[PDB]
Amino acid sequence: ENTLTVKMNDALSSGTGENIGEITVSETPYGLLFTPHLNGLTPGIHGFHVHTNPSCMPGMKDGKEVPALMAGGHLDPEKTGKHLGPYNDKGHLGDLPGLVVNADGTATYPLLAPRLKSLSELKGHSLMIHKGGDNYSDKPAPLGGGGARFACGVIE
């Protein structure tokens, strides 16, 4: 098989919340395929990124608890400093296609990330689902408009 299974949990101010399912990651000739099996999300498109650190723990920023802050920022080993989505090599390597949530709150639609080649590249990082969407740009809102971190899972 050669797959990874990532358990995803809601992210709260105090710590980890409810489990919402798993994402199965597989290798294809065209890149990594993220097949979700999730529930408990708001219907629509959600920002979906690999973050640098292997943690989903909440942390303090400017005096306020921030869910899943300890995952750090979007995975960016090339130091692009730019959020440009899964089809643009000028931005964060961790930028994945938006996560598609169905009307019934489940996520099932598989997502191809063609800039990622090997499951090894995900180990030691985290997967993040944001409250908002992802227009694959830093404008008009930074980081695609994803906003707050809703659910997260550590890879390894």
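Residue numbers here begin at 1 and follow the sequence given.
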Taking the recorded C-alpha temperature factors, which stretch has the higher mean, 24-32 or 53-61?
24-32
If you take the mean CA temperature factor per stretch, which one wins between 90-98 and 113-121?
113-121
Looking at the entry's B-factor column for C-alpha atoms only, identify whether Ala103 ranks in the lowest, middle or highest third of its chain.
highest
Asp134 - Cα temperature factor, lowest/middle/highest third of chain
middle
Pull the Cα B-factor of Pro67 out of the PDB entry and bin it into the chain's lowest, middle or highest third.
lowest
